[PDB]
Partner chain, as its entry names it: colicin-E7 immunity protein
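In the block that follows, a single chain appears as structure tokens, in the form deposited without the partner chain.
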């Protein structure tokens, strides 16, 4: 399912000036309701496609982009996720990741933004108990 096309849905949530502040704990940071407004009802080829588009919208949002360094904004401008602090990386996984709260393998929505959150590699791995 993850690699099959779908339409984005979901409301997301309003975020403040420290959006990814809690990306290293619990379920991490929600999809901003501003980003969801831009992606909602849009068709994607695969989750990876959504992923790419998700970060591009982040670089286009005046309030969201300002919370990142130039280097991370440049990355997001081309669909690449922002790099985390060294403390939060794990091997080749060095940038913020998107997690599905309810696993796609368990009928979880692939493009349901209310089922998607932003987490650090380190936290994502702990969420999946080591993977």
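Positions refer to the first chain, counted from 1.
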| query | finding |
| --- | --- |
| Residue 87 left out of the model in a third or more of other PDB entries | no |
| Missing-residue flag, residue 16, threshold a third of other entries | no |
| Average Cα temperature factor in the PDB entry - higher stretch of 69 to 77, 44 to 52 | 44 to 52 |
| Between 31 to 39 and 99 to 107 (mean CA B-factor, as deposited), the higher | 99 to 107 |
| Entry-reported Cα temperature factor of residue 26, expressed as the chain third it lands in | highest |
| Entry-reported Cα temperature factor of residue 57, expressed as the chain third it lands in | lowest |
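Omitted here: the form solved in complex with the partner chain. The next part is about that form.
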query: Close approach of residue 45 to the partner chain in the entry with it bound, 4.5 Å, heavy atom; finding: no
query: 4.5 angstroms heavy atom contact with the partner chain in the entry with it bound for residue 40; finding: no
query: Partner proximity in the entry with it bound: residue 34 to the partner chain, non-hydrogen atom cutoff 4.5 Å; finding: no
query: Close approach of residue 29 to the partner chain in the entry with it bound, 4.5 Å, heavy atom; finding: no
query: Residues in 57 to 76 with any heavy atom within 4.5 Å of the partner chain in the entry with it bound; finding: 69, 70, 71, 72, 73, 74, 75
